[PDB]
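Engineer: The structure that follows is given in the form of structure tokens.
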Amino acid sequence: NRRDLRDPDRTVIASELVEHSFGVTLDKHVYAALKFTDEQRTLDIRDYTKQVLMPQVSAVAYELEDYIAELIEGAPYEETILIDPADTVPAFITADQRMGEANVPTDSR
Amino acid sequence: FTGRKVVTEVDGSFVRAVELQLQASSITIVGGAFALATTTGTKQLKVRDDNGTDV
Amino acid sequence: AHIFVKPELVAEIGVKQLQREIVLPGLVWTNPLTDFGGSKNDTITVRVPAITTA
Amino acid sequence: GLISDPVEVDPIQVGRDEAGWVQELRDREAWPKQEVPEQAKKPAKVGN
């Protein structure tokens, strides 16, 4: 705060300190499940790894990437910057400006 | 087990990320005028914007 | 079903409130005058020299 | 007066306001922009 020098009002406005918080939660369970009859395991499956396990791990990896994309895309954006396909650069300059006026650091963007 | 969070500001605003989207000026139905093979036939219509995005 | 009594953990992971950089104090002519006490009315008089005409 | 009495008016402050060299400025957050204050445009004194 500020006050006039030599003002006969000798009252100081006390500042206040407020600490904030937000919670991060573990909430989803991503899985890939398979079932094979004994006939399929005995006869149809030749090598288990590249015929069963690797597709399963790839499936989980892609589902995780989908999870991340839904996180990014469903985020609460107050307004969306519209890119004019004839003049696209001003939109990205606008985006940079929006994150600059919000005092967002310029690294790790 | 997975968890995700969007980090917002202390007053509730979200300023750490920015979303941009292409503008669409018009849409068209891909394929133009068409005729059904049978009376009870079905066709899946595809619509594309002026940028060619499937909308 | 099963009920478990657990804490509420608090962490700091480096999310700070965003604040601006300070640049204006360095660009302004600061403290060419100091002896403000010891001058009446807390005022220093700056003299602008004379310009004449022919 | 008394020590417990409220702070009285400083003669230095009175003389400082009489001289009229304390900078007054336009309200930054006012719209439309305010007119320039009277002191902000007072000429330099012919002497001292």
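Labels for the structure tokens follow display order: chains A, B, ..., residues from 1 in each chain, ligands from 1.
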Compile the contact shell of segment 20-23 of chain B as JSON, numbers by chain: residues with an atom at most 7 Å away, counting only C-alpha atoms, same-chain residues fewer than 6 positions apart removed.
Structural biologist: {"A": [80, 81, 82, 83, 84, 85]}
Engineer: Just N, CA and C atoms for this one: save the residues we selected as a short mmCIF file (atom, residue, chain, number, x, y, z; two decimals), in the first residue's frame.
Structural biologist:
```cif
data_model
loop_
_atom_site.label_atom_id
_atom_site.label_comp_id
_atom_site.auth_asym_id
_atom_site.auth_seq_id
_atom_site.Cartn_x
_atom_site.Cartn_y
_atom_site.Cartn_z
N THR A 80 -11.74 -19.67 -27.60
CA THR A 80 -10.94 -20.37 -28.59
C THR A 80 -10.48 -19.36 -29.63
N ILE A 81 -9.19 -19.40 -29.96
CA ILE A 81 -8.64 -18.49 -30.96
C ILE A 81 -8.89 -19.07 -32.34
N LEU A 82 -9.59 -18.32 -33.18
CA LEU A 82 -9.96 -18.79 -34.50
C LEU A 82 -8.88 -18.45 -35.52
N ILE A 83 -8.36 -19.48 -36.16
CA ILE A 83 -7.34 -19.37 -37.19
C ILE A 83 -8.05 -19.08 -38.50
N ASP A 84 -7.69 -17.97 -39.13
CA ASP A 84 -8.19 -17.68 -40.47
C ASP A 84 -7.29 -18.38 -41.48
N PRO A 85 -7.79 -19.35 -42.24
CA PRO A 85 -6.90 -20.10 -43.14
C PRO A 85 -6.20 -19.23 -44.16
#
```
Engineer: Would you kindly report the residues of chain D within 6 Å of chain A, using only C-alpha atoms, as a ChimeraX atom specification?
Structural biologist: /D:7-9
Engineer: Selected residues, N, CA, C and O atoms, written as a PDB file, in the first residue's frame, please.
Structural biologist:
```
ATOM      1  N   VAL D   7      -2.292  12.686  15.739  1.00  0.00           N
ATOM      2  CA  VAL D   7      -1.228  13.425  15.076  1.00  0.00           C
ATOM      3  C   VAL D   7      -1.802  14.680  14.441  1.00  0.00           C
ATOM      4  O   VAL D   7      -2.807  14.635  13.720  1.00  0.00           O
ATOM      5  N   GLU D   8      -1.168  15.813  14.722  1.00  0.00           N
ATOM      6  CA  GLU D   8      -1.607  17.097  14.208  1.00  0.00           C
ATOM      7  C   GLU D   8      -0.974  17.374  12.846  1.00  0.00           C
ATOM      8  O   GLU D   8      -0.102  16.643  12.371  1.00  0.00           O
ATOM      9  N   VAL D   9      -1.425  18.456  12.216  1.00  0.00           N
ATOM     10  CA  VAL D   9      -0.997  18.769  10.860  1.00  0.00           C
ATOM     11  C   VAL D   9       0.434  19.290  10.882  1.00  0.00           C
ATOM     12  O   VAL D   9       0.772  20.201  11.649  1.00  0.00           O
TER      13      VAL D   9
END
```
Engineer: For the contact check between chain C and chain D, emit one row per residue of chain C within 8 Å, containing the shortest atom pair and the distance in Å rounded to one decimal, counting only C-alpha atoms, chain then rising number order, as a tab-separated table.
Structural biologist:
```
residue	atom	partner	partner_atom	distance
C:40	CA	D:12	CA	7.5
C:41	CA	D:16	CA	4.7
C:42	CA	D:16	CA	6.8
C:43	CA	D:16	CA	7.3
C:45	CA	D:48	CA	7.8
```
Engineer: Hey, what's within 8 Å of segment 13-16 of chain B if we count only C-alpha atoms and toss same-chain stuff fewer than 3 positions away? As a ChimeraX atom specification, please?
Structural biologist: /A:76-78,98-99,102,104 /B:7-10
Engineer: Please check the contacts: residues of chain C at most 10 Å away from chain B, using only C-alpha atoms, listed as a ChimeraX atom specification.
Structural biologist: /C:15-18
Engineer: Pick out the closest residue to chain A from this set: B:40, B:34, B:28, B:52. Count only C-alpha atoms.
Structural biologist: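 Checking each candidate against chain A, we get B:52 as the closest.
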Engineer: Name all residues at most 8 Å from residue 25 of chain A (count only C-alpha atoms; drop same-chain ones fewer than 4 positions away) and give them as a ChimeraX atom specification.
Structural biologist: /B:3-5
Engineer: To one decimal in Å, tell me the separation between atom CA of residue 90 of chain A and atom CA of residue 72 of chain A.
Structural biologist: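 Those two atoms sit 22.6 Å apart.
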Engineer: Distance limit 9 Å, atoms considered: only C-alpha atoms. Which chain C residues sit that close to chain A? Return them as a list in words.
Structural biologist: residues 10, 18, 19, 20 and 21 of chain C
Engineer: In chain D, what's alpha helix (DSSP H) per DSSP? Answer as a PDB file with C-alpha atoms, in the first residue's frame?
Structural biologist:
```pdb
ATOM      1  CA  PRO D  11       3.706  22.684   9.013  1.00  0.00           C
ATOM      2  CA  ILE D  12       6.128  21.126   6.518  1.00  0.00           C
ATOM      3  CA  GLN D  13       3.152  19.494   4.786  1.00  0.00           C
ATOM      4  CA  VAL D  14       1.277  22.816   4.741  1.00  0.00           C
ATOM      5  CA  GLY D  15       4.223  24.624   3.179  1.00  0.00           C
ATOM      6  CA  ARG D  16       4.775  21.777   0.727  1.00  0.00           C
ATOM      7  CA  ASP D  17       1.178  22.039  -0.471  1.00  0.00           C
ATOM      8  CA  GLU D  18       1.437  25.842  -0.587  1.00  0.00           C
ATOM      9  CA  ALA D  19       4.456  25.600  -2.899  1.00  0.00           C
TER      10      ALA D  19
END
```
Engineer: Looking at D:20, D:1, D:29, D:6, which one is nearest to residue 41 of chain D, with distances taken over only C-alpha atoms?
Structural biologist: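 Between D:20, D:1, D:29, D:6, the residue approaching residue 41 of chain D most closely is D:20.
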Engineer: Give the answer as one residue: which of B:29, B:39, B:45, B:6 has the shortest atom-to-atom distance to chain A, using only C-alpha atoms?
Structural biologist: B:6
